[PDB]
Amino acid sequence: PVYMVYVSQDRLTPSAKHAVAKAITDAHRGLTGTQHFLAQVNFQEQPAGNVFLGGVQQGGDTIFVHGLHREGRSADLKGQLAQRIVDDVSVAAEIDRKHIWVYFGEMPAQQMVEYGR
C-alpha cells in the first residue's frame, strides 16, 4: 500500500516521522499480513495554516492519513486497521487522537505497481 501522510511542516521531527512510519507500517503488516517492504509511507508537509476544519484555520496538529490499498479486505478488518492507525500514530506522534483523520481508498490489484513490478 501507499500511505500519504499530510502534516504541517515542523510538527514531526525526523525521529517522529520514523516513529509514525513504523506505527503505520507495523499496523499494516500485523493486520493484513502484507510484507513490511510493500508498505510505503510518504510524508506530505505543508506550512502551518493550510488546514481548515469547518472553514476554521487550524494550527499544526492535524494528521490526515490517506491509505491507498488493494481492494478485497472486509469492512471489519479495514475498520480495525483504521482504528489501530489512529491509536498507534497518536502514541508515535504524541498527539491527541482527535487530531487524526484516516481514510482508505481501494483499487484493483492489477492497477497497483510497487517497485516497478
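Residue positions are given as counts along the sequence shown, with the first one as 1.
When the two stretches 2 to 10 and 106 to 114 are set side by side, the higher mean Cα temperature factor goes to 106 to 114. Taking the PDB entry as given, 29 to 37 carries the higher mean Cα B factor of the two stretches 71 to 79 and 29 to 37.
Sort the chain's modelled residues by C-alpha temperature factor and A92 lands in the highest third, per the entry.
Sort the modelled residues of the chain by CA B factor and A48 lands in the highest third.
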